[PDB]
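Remarks on the structure that follows.
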Number of protein chains: 2
Amino acid sequence: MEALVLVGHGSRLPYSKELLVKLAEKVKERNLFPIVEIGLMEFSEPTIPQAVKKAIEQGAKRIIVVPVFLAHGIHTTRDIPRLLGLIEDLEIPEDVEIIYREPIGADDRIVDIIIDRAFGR
Amino acid sequence: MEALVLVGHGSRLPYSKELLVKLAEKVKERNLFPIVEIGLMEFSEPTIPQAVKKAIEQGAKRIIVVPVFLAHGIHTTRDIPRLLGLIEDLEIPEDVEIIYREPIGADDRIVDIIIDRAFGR
């Protein structure tokens with residue numbers, strides 16, 4: 001019924017995809033969602049349209065898209081809502097709802113992490 | 001003695017800088033570090049060289065640089081260690097050491113946050 005698509009920037013280096021893969025596997029371990037897929041905005045596969053199609057093919061009717069980005073930018077305000085057909089300017093989903101969630105932001109947990117990293121933990 | 005410089009991507013949109021500013025203010029309220037400054041790699045000020053110089057001028061001898069990025073990429077492996085003179089291609093005085101920390105990675109806290117964001121928390 002419900003799918004979680006995690007969507008990330010993607011890079012020419014492999015770290016960005018590897019991080020999405022690891023993060024997807026950790027939410028799988030939580031057993032919260034029937035379907036979990038990943039999608040990279042640029043130069044890596046799977047792409048965002050593929051991740052969404054794969055979620056439909058698995059019979060998700062509600063698709064939760066979470067942009068695994070620190071802050072809003074061009075990616076999260078133009079390109080991604082485009083690729084998801086949420087914005088009037090290569091794929092369509094027919095009859096199902098995409099729910100586009102927020103980025104990570106200045107969460108208190110990010111300041112815990114940063115403080116750990118600052119001490120080499 | 002010790003300064004924490006948080007360094008982030010920067011954007012043409014303002015969210016990226018605003019997130020670093022918020023994150024810096026949150027670590028300031030923790031009272032862990034004598035000096036805390038921020039630096040944006042591109043498009044915005046303060047820049048990484050300015051953030052580091054400011055920290056020296058405040059009398060930091062140990063400068064902890066934390067890249068506020070989700071994964072390693074070109075930014076964290078080429079451009080930033082460049083801007084920090086950490087890589088033979090900014091006059092850091094020898095009596096100062098820059099300690100370049102790791103990015104955020106696939107932290108368990110990031111999967112907590114993603115799960116929150118997936119439910120619109």
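Following the order of the structure tokens, first chain is A, next is B, and so on, with residues numbered from 1 inside each chain and ligands from 1 in the order they appear.
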
Counting only C-alpha atoms, collect the residues of chain B whose closest atom lies at most 6 Å from chain A, and write them out as a PyMOL selection string. chain B and resi 13+15-16+19+23+71-73+106

Neighbouring residues of residue A:96 were defined as those with any atom within 9 Å, considering only C-alpha atoms; residues of the same chain fewer than 5 positions away were excluded. Please report them as a ChimeraX atom specification. /A:56,60-63

Interatomic distance (Å, one decimal) between atom CA of residue A:80 and atom CA of residue A:7: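 Computing the Euclidean distance for atom CA of residue A:80 and atom CA of residue A:7 yields 8.8 Å.
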